[PDB]
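K.L.:
Right, I'll just put the structure down here and ask away after.
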Amino acid sequence: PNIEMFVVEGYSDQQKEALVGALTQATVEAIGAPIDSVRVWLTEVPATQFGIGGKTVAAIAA
Amino acid sequence: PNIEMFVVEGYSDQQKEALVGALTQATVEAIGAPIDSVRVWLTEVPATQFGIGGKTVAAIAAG
Amino acid sequence: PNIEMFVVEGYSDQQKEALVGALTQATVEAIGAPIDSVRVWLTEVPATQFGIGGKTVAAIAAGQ
Amino acid sequence: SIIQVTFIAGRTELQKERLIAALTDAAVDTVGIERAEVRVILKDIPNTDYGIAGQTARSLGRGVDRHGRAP
Amino acid sequence: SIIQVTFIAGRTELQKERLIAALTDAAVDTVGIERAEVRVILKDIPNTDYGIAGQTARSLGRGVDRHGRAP
Amino acid sequence: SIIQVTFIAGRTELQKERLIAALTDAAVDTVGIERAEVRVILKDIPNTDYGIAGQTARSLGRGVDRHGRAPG
């Protein structure tokens with residue numbers, strides 16, 4: 001299993017570490033994959049580059 | 001054809017340049033696609049963001 | 001430019017054709033890219049494989 | 001935020017439903033993302049279409065093909 | 001419903017806003033996806049990182065680098 | 001270490017296996033990645049779903065659809 005999660009910028013490195021761990025364990029538990037076969041990576045998106053309903057997250061937050 | 005390779009950060013531009021051409025050539029040389037149709041890009045993942053067996057590459061490299 | 005759109009299964013071929021063209025034209029106009037440089041494709045997802053809020057689109061549909 | 005999963009074909013509908021719930025729970029619990037914002041996409045890759053160490057999964061006896069048939 | 005854009009670094013923030021707005025409009029106007037469901041993600045690829053026909057974008061005098069300005 | 005390929009549907013099992021091998025070789029030979037850890041994901045797009053200059057590959061008479069059938 002390969003898991004790519006797109007996250008908007010702003011999470012700490014320790015939140016990212018917990019996320020990759022929790023995503024990995026969720027996969028192990030849900031589909032019984034062996035933990036060492038699971039690849040999880042995060043792709044960080046600047047808020048100027050993440051659109052919801054046609055508006056950027058930056059514009060929404062402003 | 002579109003080729004996306006996820007790499008952990010660390011490679012140099014020159015390593016990258018040679019990776020791109022090799023992936024393009026490998027594609028042209030495997031299936032016979034016109035070279036002009038082959039797009040390759042590298043997505044570099046910071047080591048704080050890419051996990052193997054549940055641990056980040058950064059954390060593994062703490063000792 | 002490369003535009004990938006994930007869509008739930010269910011759109012007709014005519015709709016997909018229309019969507020591919022409109023995403024291409026949107027890209028040409030918004031950033032001025034020549035149309036022949038713009039690659040657009042749809043990745044179709046069965047409704048049992050697309051989750052919103054932890055529920056599949058199939059379960060959401062079946063709940064009216 | 002948006003979670004894209006690729007994995008060898010062969011999982012059942014219930015395993016896919018479970019994985020979508022568990023990945024969503026993991027994002028909500030770990031970083032507090034609003035549940036309604038979490039999207040999950042699962043893409044089944046036929047064993048003819050996934051390479052491990054230069055070999056296809058079907059050549060290693062793993063997975064099923066596009067019609068759900070084992071090797 | 002989820003739109004991922006990959007394209008060479010160098011576009012302005014205004015171009016990125018325009019592209020997010022126009023791709024969303026295309027989804028809404030063409031197949032009737034509700035606006036609030038549409039997500040657009042833009043990925044900037046440095047020119048040292050993106051190949052045209054085997055050569056990098058920088059080799060061909062296009063885009064910018066991971067630092068933000070290039071030939 | 002993870003290679004994702006998107007291309008119009010229509011290629012054969014043997015073409016795919018050649019591609020998987022070739023791309024894996026190219027990665028190991030150019031930057032010395034462990035061969036055992038290179039993953040190659042091939043993503044077939046039905047010709048109804050793939051756009052060339054705004055037109056579907058099927059309209060251009062290329063590839064196959066989701067049922068594996070040529071545009072003829």
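The way I read the labels, and the way they are meant: chains A, B, ... in the order of the structure tokens, residue 1 as the first residue of every chain, and ligand 1 as the first ligand shown, with later ones counted on from there.
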Distance limit 12 Å, atoms considered: only C-alpha atoms. Which chain C residues sit that close to chain B? Return them as a PDB file with N, CA, C and O atoms, in the first residue's frame.
P.N.:
```pdb
ATOM      1  N   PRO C   1       1.466  21.807 -18.359  1.00  0.00           N
ATOM      2  CA  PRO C   1       0.503  21.524 -17.287  1.00  0.00           C
ATOM      3  C   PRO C   1      -0.119  20.141 -17.398  1.00  0.00           C
ATOM      4  O   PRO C   1      -0.437  19.661 -18.499  1.00  0.00           O
ATOM      5  N   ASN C   2      -0.278  19.512 -16.238  1.00  0.00           N
ATOM      6  CA  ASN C   2      -0.942  18.222 -16.110  1.00  0.00           C
ATOM      7  C   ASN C   2      -2.089  18.400 -15.138  1.00  0.00           C
ATOM      8  O   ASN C   2      -1.869  18.849 -14.009  1.00  0.00           O
ATOM      9  N   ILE C   3      -3.301  18.079 -15.584  1.00  0.00           N
ATOM     10  CA  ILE C   3      -4.498  18.207 -14.769  1.00  0.00           C
ATOM     11  C   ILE C   3      -5.073  16.809 -14.608  1.00  0.00           C
ATOM     12  O   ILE C   3      -5.582  16.238 -15.576  1.00  0.00           O
ATOM     13  N   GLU C   4      -5.063  16.281 -13.383  1.00  0.00           N
ATOM     14  CA  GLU C   4      -5.755  15.035 -13.074  1.00  0.00           C
ATOM     15  C   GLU C   4      -6.998  15.332 -12.242  1.00  0.00           C
ATOM     16  O   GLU C   4      -6.898  15.895 -11.150  1.00  0.00           O
ATOM     17  N   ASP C  36      -1.899  22.719 -26.714  1.00  0.00           N
ATOM     18  CA  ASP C  36      -1.180  21.467 -26.949  1.00  0.00           C
ATOM     19  C   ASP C  36      -0.237  21.072 -25.825  1.00  0.00           C
ATOM     20  O   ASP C  36       0.194  19.913 -25.782  1.00  0.00           O
ATOM     21  N   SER C  37       0.093  21.984 -24.913  1.00  0.00           N
ATOM     22  CA  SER C  37       0.909  21.623 -23.760  1.00  0.00           C
ATOM     23  C   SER C  37       0.091  21.093 -22.586  1.00  0.00           C
ATOM     24  O   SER C  37       0.669  20.516 -21.662  1.00  0.00           O
ATOM     25  N   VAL C  38      -1.231  21.244 -22.611  1.00  0.00           N
ATOM     26  CA  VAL C  38      -2.081  20.945 -21.463  1.00  0.00           C
ATOM     27  C   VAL C  38      -2.563  19.498 -21.548  1.00  0.00           C
ATOM     28  O   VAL C  38      -3.366  19.153 -22.423  1.00  0.00           O
ATOM     29  N   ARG C  39      -2.092  18.647 -20.631  1.00  0.00           N
ATOM     30  CA  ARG C  39      -2.593  17.282 -20.525  1.00  0.00           C
ATOM     31  C   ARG C  39      -3.627  17.219 -19.410  1.00  0.00           C
ATOM     32  O   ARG C  39      -3.306  17.507 -18.255  1.00  0.00           O
ATOM     33  N   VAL C  40      -4.831  16.771 -19.747  1.00  0.00           N
ATOM     34  CA  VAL C  40      -5.908  16.577 -18.790  1.00  0.00           C
ATOM     35  C   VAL C  40      -6.368  15.137 -18.871  1.00  0.00           C
ATOM     36  O   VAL C  40      -6.536  14.587 -19.966  1.00  0.00           O
ATOM     37  N   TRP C  41      -6.558  14.518 -17.710  1.00  0.00           N
ATOM     38  CA  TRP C  41      -7.184  13.212 -17.690  1.00  0.00           C
ATOM     39  C   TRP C  41      -8.010  13.064 -16.425  1.00  0.00           C
ATOM     40  O   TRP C  41      -7.737  13.707 -15.411  1.00  0.00           O
TER      41      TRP C  41
END
```
K.L.:
Among chain C, which residues carry a DSSP assignment of alpha helix (DSSP H), reported as a list in words?
P.N.:
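Alpha helix (DSSP H) assignments inside chain C correspond to residues 13, 14, 15, 16, 17, 18, 19, 20, 21, 22, 23, 24, 25, 26, 27, 28, 29, 30, 31, 57, 58, 59, 60 and 61 of chain C.
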K.L.:
Restricted to N, CA, C and O atoms, what would the selected residues look like written as a short mmCIF file (atom, residue, chain, number, x, y, z; two decimals), in the first residue's frame?
P.N.:
```
data_model
loop_
_atom_site.label_atom_id
_atom_site.label_comp_id
_atom_site.auth_asym_id
_atom_site.auth_seq_id
_atom_site.Cartn_x
_atom_site.Cartn_y
_atom_site.Cartn_z
N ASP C 13 -19.74 9.10 -21.28
CA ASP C 13 -18.61 9.45 -22.13
C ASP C 13 -18.74 10.87 -22.67
O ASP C 13 -17.73 11.58 -22.81
N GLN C 14 -19.96 11.30 -23.00
CA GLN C 14 -20.15 12.67 -23.45
C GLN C 14 -19.80 13.67 -22.34
O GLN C 14 -19.14 14.69 -22.59
N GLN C 15 -20.24 13.39 -21.12
CA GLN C 15 -19.88 14.26 -20.00
C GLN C 15 -18.37 14.31 -19.80
O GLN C 15 -17.79 15.39 -19.60
N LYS C 16 -17.71 13.15 -19.87
CA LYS C 16 -16.26 13.12 -19.68
C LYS C 16 -15.56 13.89 -20.78
O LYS C 16 -14.62 14.66 -20.51
N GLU C 17 -15.99 13.70 -22.03
CA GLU C 17 -15.47 14.50 -23.12
C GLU C 17 -15.64 15.99 -22.85
O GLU C 17 -14.72 16.79 -23.04
N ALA C 18 -16.84 16.40 -22.40
CA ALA C 18 -17.06 17.81 -22.12
C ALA C 18 -16.16 18.30 -20.99
O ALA C 18 -15.61 19.41 -21.05
N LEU C 19 -15.99 17.47 -19.95
CA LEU C 19 -15.16 17.86 -18.81
C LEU C 19 -13.70 18.02 -19.21
O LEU C 19 -13.05 18.99 -18.82
N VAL C 20 -13.17 17.07 -19.99
CA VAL C 20 -11.78 17.16 -20.42
C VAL C 20 -11.55 18.45 -21.20
O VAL C 20 -10.54 19.14 -21.01
N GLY C 21 -12.49 18.80 -22.09
CA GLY C 21 -12.33 20.03 -22.86
C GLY C 21 -12.44 21.27 -21.98
O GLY C 21 -11.66 22.21 -22.13
N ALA C 22 -13.38 21.28 -21.04
CA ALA C 22 -13.54 22.49 -20.23
C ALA C 22 -12.38 22.68 -19.26
O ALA C 22 -11.98 23.83 -19.01
N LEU C 23 -11.81 21.59 -18.74
CA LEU C 23 -10.63 21.74 -17.88
C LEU C 23 -9.44 22.22 -18.69
O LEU C 23 -8.60 22.98 -18.19
N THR C 24 -9.32 21.77 -19.94
CA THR C 24 -8.24 22.23 -20.79
C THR C 24 -8.38 23.72 -21.08
O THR C 24 -7.43 24.50 -20.93
N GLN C 25 -9.58 24.14 -21.48
CA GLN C 25 -9.79 25.56 -21.79
C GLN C 25 -9.61 26.43 -20.56
O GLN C 25 -9.03 27.52 -20.64
N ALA C 26 -10.09 25.97 -19.39
CA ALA C 26 -9.87 26.72 -18.16
C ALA C 26 -8.39 26.96 -17.93
O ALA C 26 -7.98 28.05 -17.53
N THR C 27 -7.56 25.95 -18.21
CA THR C 27 -6.12 26.08 -18.00
C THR C 27 -5.49 27.05 -18.99
O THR C 27 -4.64 27.87 -18.62
N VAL C 28 -5.88 26.96 -20.27
CA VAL C 28 -5.36 27.88 -21.27
C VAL C 28 -5.65 29.32 -20.87
O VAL C 28 -4.75 30.17 -20.86
N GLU C 29 -6.89 29.60 -20.48
CA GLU C 29 -7.28 30.97 -20.18
C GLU C 29 -6.67 31.47 -18.87
O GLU C 29 -6.29 32.64 -18.77
N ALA C 30 -6.58 30.61 -17.85
CA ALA C 30 -6.19 31.12 -16.54
C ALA C 30 -4.71 31.47 -16.48
O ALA C 30 -4.32 32.45 -15.84
N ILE C 31 -3.86 30.66 -17.11
CA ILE C 31 -2.41 30.85 -17.03
C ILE C 31 -1.77 31.05 -18.39
O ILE C 31 -0.55 31.18 -18.47
N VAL C 57 -18.90 7.30 -1.00
CA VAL C 57 -19.94 7.94 -1.80
C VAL C 57 -21.10 6.98 -2.02
O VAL C 57 -22.27 7.39 -1.99
N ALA C 58 -20.80 5.68 -2.13
CA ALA C 58 -21.85 4.66 -2.26
C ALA C 58 -22.76 4.64 -1.03
O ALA C 58 -23.98 4.52 -1.17
N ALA C 59 -22.18 4.72 0.17
CA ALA C 59 -23.01 4.73 1.38
C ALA C 59 -23.78 6.04 1.51
O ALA C 59 -24.93 6.06 1.95
N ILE C 60 -23.15 7.15 1.12
CA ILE C 60 -23.84 8.44 1.15
C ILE C 60 -25.01 8.43 0.18
O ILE C 60 -26.13 8.82 0.53
N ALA C 61 -24.78 7.95 -1.05
CA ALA C 61 -25.87 7.84 -2.02
C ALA C 61 -27.00 6.96 -1.50
O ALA C 61 -28.18 7.31 -1.62
#
```
K.L.:
Pick the closest to chain A from F:25, F:44, F:17, F:37: which is it, counting only C-alpha atoms?
P.N.:
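Answer, going by the shortest atom-to-atom distance: F:37.
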K.L.:
Up to 7 Å from chain D, what residues of chain F turn up? Count only C-alpha atoms and give them as a VMD selection string.
P.N.:
chain F and resid 13 16 to 17 20 to 21 24 35 to 42
K.L.:
Suppose you want the space between atom CA of residue 43 of chain A and atom CA of residue 5 of chain F; what is it in Å?
P.N.:
18.0 Å
K.L.:
By how many Å are atom CA of residue 7 of chain B and atom CA of residue 3 of chain E apart?
P.N.:
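So the two atoms, atom CA of residue 7 of chain B and atom CA of residue 3 of chain E, lie 22.4 Å apart.
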K.L.:
Sort by chain and increasing residue number a table of all residues of chain F within 8 Å of chain B, each with its closest pair of atoms and their distance in Å to one decimal, counting only C-alpha atoms, and write it as a tab-separated table.
P.N.:
```
residue	atom	partner	partner_atom	distance
F:1	CA	B:7	CA	5.8
F:2	CA	B:6	CA	5.3
F:3	CA	B:5	CA	4.4
F:4	CA	B:4	CA	5.0
F:5	CA	B:3	CA	4.7
F:6	CA	B:2	CA	5.1
F:7	CA	B:1	CA	4.5
F:8	CA	B:1	CA	7.4
F:15	CA	B:31	CA	5.7
F:16	CA	B:31	CA	7.9
F:18	CA	B:30	CA	5.6
F:19	CA	B:30	CA	5.1
F:22	CA	B:26	CA	5.2
F:23	CA	B:26	CA	5.7
F:26	CA	B:22	CA	5.5
F:27	CA	B:19	CA	6.6
F:30	CA	B:19	CA	5.8
F:31	CA	B:15	CA	6.6
```
